[PDB]
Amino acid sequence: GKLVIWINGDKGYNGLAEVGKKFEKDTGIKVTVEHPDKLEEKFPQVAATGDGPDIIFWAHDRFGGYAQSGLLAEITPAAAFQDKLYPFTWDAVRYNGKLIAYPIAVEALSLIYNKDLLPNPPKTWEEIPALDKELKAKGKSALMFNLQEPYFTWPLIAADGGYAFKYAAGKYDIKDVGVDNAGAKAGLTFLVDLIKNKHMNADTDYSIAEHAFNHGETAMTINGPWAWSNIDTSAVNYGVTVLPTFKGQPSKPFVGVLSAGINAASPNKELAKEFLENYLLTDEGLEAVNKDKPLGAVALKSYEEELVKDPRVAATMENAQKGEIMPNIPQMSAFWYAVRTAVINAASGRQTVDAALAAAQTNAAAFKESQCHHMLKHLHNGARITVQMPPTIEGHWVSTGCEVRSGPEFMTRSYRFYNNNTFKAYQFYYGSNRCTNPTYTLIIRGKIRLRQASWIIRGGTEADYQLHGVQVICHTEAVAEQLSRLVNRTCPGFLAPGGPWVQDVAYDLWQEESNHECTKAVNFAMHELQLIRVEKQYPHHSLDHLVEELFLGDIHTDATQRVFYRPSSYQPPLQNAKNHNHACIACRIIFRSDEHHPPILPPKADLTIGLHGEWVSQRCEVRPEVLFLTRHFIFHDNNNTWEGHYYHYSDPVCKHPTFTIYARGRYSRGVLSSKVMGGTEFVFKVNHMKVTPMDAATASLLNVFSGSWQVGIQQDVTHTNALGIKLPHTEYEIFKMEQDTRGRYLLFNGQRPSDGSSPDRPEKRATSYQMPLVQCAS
């Protein structure tokens, strides 16, 4: 029942707050206006957890990334309202075909000069140096602007041909970057000259340059419309004009459109759209803000038709069309950080123009932290994870999505462990990989008592459990028929005569007070409860937003072996119903469900497999046979070749390496699976394999059971006439690709047979998957 707004402190917050009081007048809703430091990236963190302001104000360049992460709500404007604003302003706030924010103002930088000191402002950048020396004789300077933010330096960088990214037939091509172009080098090299010819100071930030121009110590500055207000109260005659040209071509400022976005987790979205559509985006509202600190050009054609008469706004628009309109694609944050570091370093002489800017082509589209090598060193997105020793399993634990057990068996879990040491577990089964159509549900009741740490599985806790009962409920009329029949064949006599099962009725499959049981029919076992591990992550170091993950024992890939299978690895984690990720919608749906009302998971569309690229593990993976490992895969779709790195460790946190395997080969794209809905079949050939021992124990064993092996030396295992390996080896694989909540792609490969054997025959292809790998940059 409130409205919180975040706006940068270089804009008119008090003006916006006054459009807010009129909201309080007509509707009685408080509007609170805050200008947090570095708000552009306070927003991604607080919003990801469900928190944050209701409305976020920023240029369009950063909103595409917010939307990709699911932080922005789609805005619902009437076509009548949409006509009020200019089409290009809407085009800037459009991501993936959806409108994601309300356009407010069009901003571009311009040349601001003191007419008293400089009645005729320079027309070219190259005449600035001589101009400097010979105002320098009067104890003044020619040009001073903020060199700490690349927004103020870009105009010069783009003049000769430096292009942030390439616009190709309606697309911005992140594979065509021009920060290391010859054109970019010229602009930065020129800037460096002035910084080295004592014409400009490397330290100069916004505050320093603003103080100088507004006190007449410099004759020129580069700034935006927001800056005009203070100069106006600086008793200094000043003019706004076109930016100096560089090497005959004009300075190209990056054009940004100030926009208001509605938090995807806002409880007051109708009020937010109400405040923006009918209070702010009005001739009265925009004026109230433009009086505080000028917005320059505006998106409302009504007000724009009037402001365009002010010559400052016209120069703003002249430079804007001389410039380029910022892309909203999510790679902008990495583009800005790379160009930022380039400028600060070359200005400081830390890196040669070419060298500093050379890195900008290696860091433009992706953060260094998104590269495969960093992700391997900092797992879980560099989260700290605290392991609960001894674990506490009390609470409600739910699945995070549509799990796949071997079979395939598409299912979700809902497990309640009580303080009396008793438990009620729901296993919901479905007919598809979307978990939208329940087939049958299992209700498992019994008792569980945690023991002590496992000496077999490092990081696991052993547990003892006892079943009291297993019941099954069929949710379709067909399932009741099929299962009753399957129960009949499997245990002839379990079903009394004329007892065809009916839907929505719980039937006993296992009672501890009887020797009559047919758990074999569904190949049921509950040995997952014998191995337990809890991992916590406290986001923002707070108990709230804490994510608790419960890891239970893994399921055998062969259903007939589950009764005897004695866990050595983990199932995918469950999350605590009270302490889960805000983006987990499945958690809540599963939490609010029961044996008679199964959880219906949100529909997501099957994605098409695009192996091209590099993929790495997200966590220290645990494979059957207590094997800790991470994986790095490189897929060449150009020649259908693949390389894989398997890094093995002895600890559940993957810090003590033991051995490393390198494999390379060829793969054949295959057919969509009919056995495993949502999966695509593949055949992989391993042609080459290299082994690197990483500890003395592995080197010793290799030397004993065998080119002598030593720690850290990679050795091919195929000589010309090791451990008995047989290369070439053929593998029949199953693959699926999905997208996580902030739009990163996940690659799932076939679960490795629980017995340790290989899928070396088509009938041995997996019907389940391993934990997903995430896409990374090289």
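When you see a residue number, it is the position in the sequence shown, counting from 1.
Novice: Between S706 and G707, determine how many residues of the deposited chain lack coordinates; answer none if the chain runs continuously, otherwise 1 to 3, 4 to 9, or 10 or more.
Specialist: According to the record, 4 to 9 deposited residues lack coordinates from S706 to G707.
Novice: What does the record say about the segment between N721 and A722: how many deposited residues are without coordinates (none, 1 to 3, 4 to 9, 10 or more)?
Specialist: According to the record, 1 to 3 deposited residues lack coordinates from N721 to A722.
Novice: If you average the CA temperature factors as listed in the entry, which stretch comes out higher, 231-239 or 332-340?
Specialist: 231-239 has the higher mean C-alpha B-factor.
Novice: Higher average CA B factor in the deposited record is what I'm after, so tell me if that's 27-35 or 724-732.
Specialist: It is 27-35 that shows the higher mean C-alpha B-factor.
Novice: Looking at the C-alpha B-factor values in the deposited entry, which of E403, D508, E513, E681 comes out highest?
Specialist: Among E403, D508, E513, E681, the highest C-alpha B-factor in the entry belongs to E513.
Novice: Just to confirm, going by the entry's C-alpha B-factors, which of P87, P693, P572, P391 comes out highest?
Specialist: Among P87, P693, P572, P391, the highest C-alpha B-factor in the entry belongs to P87.
Novice: Please say which third, lowest, middle or highest, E738 falls into when its CA temperature factor is compared across its chain.
Specialist: Lowest third - that is where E738 ends up once the chain's C-alpha B-factors are sorted.
Novice: Using the B-factors in the PDB entry, rank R765's C-alpha atom against the chain and give the third, lowest, middle or highest.
Specialist: Lowest third.
Novice: Place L3 in the lowest, middle or highest third of its chain's C-alpha B-factors, as listed in the PDB entry.
Specialist: Answer is highest: the recorded C-alpha B-factor places it there.
Novice: How does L109 rank on Cα B-factor within its chain, lowest, middle or highest third?
Specialist: Answer is middle: the recorded C-alpha B-factor places it there.
Novice: Within this chain's modelled residues, let me know which third the CA B factor of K98 belongs to: lowest, middle or highest.
Specialist: It falls in the middle third of the chain.
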